[PDB]
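In what follows, one protein chain appears twice in different forms, each by itself as structure tokens: structure 1 and structure 2.
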Structure 1
């Protein structure tokens, strides 16, 4: 229907993207070119109208250009109203707030996506700081997303510098609710929200007329606690200086991210960081690369963040911080071959590793098997009330839980398939140690046997030495005999290394789950059915009221969403989880049987080397006879 216009651009007010206090932005096009731009039509601008200062202000912001900041192309005045309109580049993909509405990120964004936002936000925020311009109000609803040429998102800043001539309540700083840290506060709240999927400080009901408690939480924040939430009405505050279990981030990343947030989330400027320390420590985190490590004994995958110029000694040490294995017993395997790392080798030249093909870590010393430990979350109660707004929030919650369950279920299958290979490779590598012990033993055996005969023949070729010649002769059979006693014990190990030898991995090819089971794809089918219903309830919430037929289909759909969820989690716990714990139970035992075999065969190999010294002495010594 009706739609406003300008000299160069036009748009209909139906296509609405954002409703701000001073303005409204809609989806618009250029009057020749037809390209999309965001139209900021200023509403109620007369008592201001500083065509004096804002002219110069917006002209300055126009040429201000960077890849991580929304570009202001032009400022025009409307035809029908003489209103001033900023025309900016259109971000097709929404804001960070829109992505956090997605249930897949209800418990936090993917680790990779978190690094993109973090990198872009700081760089954009840093570009305005070099110009002195500073924001304070940075919020996911104010951080837009577009898709870059490489396909991965690029985040930009967009509605800053609007606080001089005339913070989100949840992202406000304690003293400003009623410098250096006051900047950094809303960003840390943003970063906690992108990693966890929820806000740091939460009263029980929430941000309403009982919001005085919230302010006490912020003002009562002890130490380097990054979060504080009361789980009951008017109850105590559960404080924590670490991140939750539902966090999709790797544990190695949390160790570096935690100090940043603890130091950038505190009201006192005495003990809190500046933009320089902040830019330094996070930029420190982004330049490090990731090397994927799977501890095969304990079944835990790891992401070690290292600078490319760091050595392999701190690498073993940092690995000790996550697997707690001392560097000298840590043994690496890669692409099924053992891997030798010099203590001073740089990380740039490490082999290329992924989570589906990492560097395995094995230890001779026993280690407990932990597995993936994630937080068990059940479904919430579905009320029969028709509150569409309530039905929408409940849809995001219940669908996000199954998203979490489906990611873990996808992680558990990865762990098993990874366990299965690392086990199959390990035995062929330890048998190579077995291929090598008889190996090196054959050098001793024929030299020894013939050596005894030369001494056993010289008695025929030719009282004093004859009595001991026999005695050395007894000892040479004492050792040829012991060469004979261990020889029997190594073929016994060979019977177990053989298929069906009580060490085979056939158990691993049976108990757990496989991609052939297709258990993860099955849950995404039901989970997709649920999200469209979710995005539909938002669409019904936007109407505020629905016609009759649609309200009853909405009541039909809201009930199938519960039935879908129960169907998936039941398939999750009764098939995927249980068959995983059974694969984990038989996993600790087989390593015990493998590490036991590795220590005995170990000894037999040194006993064979133990013996080599004895035949190296009799090799010479007695043939070492001196004579004119």
Structure 2
């Protein structure tokens, strides 16, 4: 069967949504064949017309309105979103523990712009949720998010207000729940098992929320509630974004609506975050990657303060390396004039004073046990959770490999940087002995024409200078490829891209995703055949074997060699800082000596009787 209008037609199997006042399917155009969303509604045209006049990038554009053939049902033709809704995107195991940062900033940008455009024209939306946010591919390949379903008539639950759960600011609540869900991959207020079951406990978590906290989870049967005003360790965003995002959520999820943040200050603080640029920085001594969110007009002084807040490194000790060479940021240089940085090519921050080692902080997760009981909904949910765990193992393994590669590149540049400091001091020593060993014979040039006070002390300069000479060659001996500061252990420890460990985990991940997606098809068709049933259980045992092999290769290879590379890197960090301290001493001694040679080059020239 298929219904139609004057210009469109649509089957019934291609159904996307159904209500009591309208029914939404996908359909074509009789004259063009393009795909459109069709809301067959099953006076009121007043608000339909003013909604038809809208035109914004982040709004599902309501095209036209027509009449159906059989019944004169007033239908609405809308824009079709093949990629689905944000709720659909948050169910792919790649986003099980949070969206990527670039996609998260896209969501925050399009949602805020769409809501501002609705308040600007005076349209209210009660339940803003990931289901009401659609995804459409833009002309530049990047996702574009559009709003829909704002205006209906009736007769979710986890996104309601404490005033409303007993059955704008009230809508800003569902925004904070949506943004926490998109950033963490999970709901902020989770009772034990489904919130639909412990609906009475949900009211306890919402109204009894302490100020400043954003999360509350009950991890046991009738147990307690773990509160936190901080993002979980499994969050996909960087700490530079979490520090700017957390106060927004904490002050828009405020219980008493008298102290909600308000949309005006909300739109201002969000636009402040979106107008910022990102600068990738990598702490070589701490082995940590960072993303500094700074405005295009701030100075390098504020940049050093943000690096301090992420690393506890005093701005007076921050020394920067970029593309092999030094990087001196003037205290007034604007941020938009810095060198452009990526995750693969960041700015390296190092301090002359010793720093502790951290590495990568991730939450150790195990595999959940698979239930041999045949259950379409149970195995579909189990497959989703276990595939998201392997996705998390893929992301951590790729991050560990990037850390090791950035350590290898940063260490190489640091050694070639110390080499330049060495060749600078030798150039200065050779610049001052050219007058020391010269003026000492200028003295004896006058002797053959008391004075021993100069000689018996000037010889104490070359005495204290040859000690620097043998101390410089000892420093150079460590910079030799066989010295104590070798560069080969980085090529011997840890994992390399030629190992292709990330590709092996992604291959097992694609097999698990194929099985999970087939389980997603099985859950819909609530009954399977005998042969399809055996295939379902065969692939479930294959899910266990796939994830077991993935976790085994991850811990017994990716993690183990990473810990060995990091542990061997800490002793090289200590020895490197020891060499920089000695070289700085041998450097300043040449300066304190060159002022004495300049002091005695003129004392030997007395006044003459002329």
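Positions refer to the first chain, counted from 1. Take the two forms, superpose them, and find the largest set of C-alpha atoms that agree within 1.5 Å; that set is the rigid core.
If you fit the rigid core and then compare C-alpha positions between structures 1 and 2, only one of 324, 208, 231, 440 moves by 2 Å or more. Name it.
Single residue meeting the criterion: 208.
Indicate whether residue 21 shows a C-alpha shift of 2 Å or more between structures 1 and 2, with the rigid core used for the fit.
Shift of 2 Å or more: yes.
State the core-superposed CA shift for residue 258 between structures 1 and 2, in Å to one decimal.
Value for residue 258 between structures 1 and 2: 0.3 Å of C-alpha shift.
Using the rigid core as the frame, report the C-alpha movement of residue 131 between structures 1 and 2, one decimal, in Å.
With the cores aligned, its C-alpha sits 1.3 Å away.
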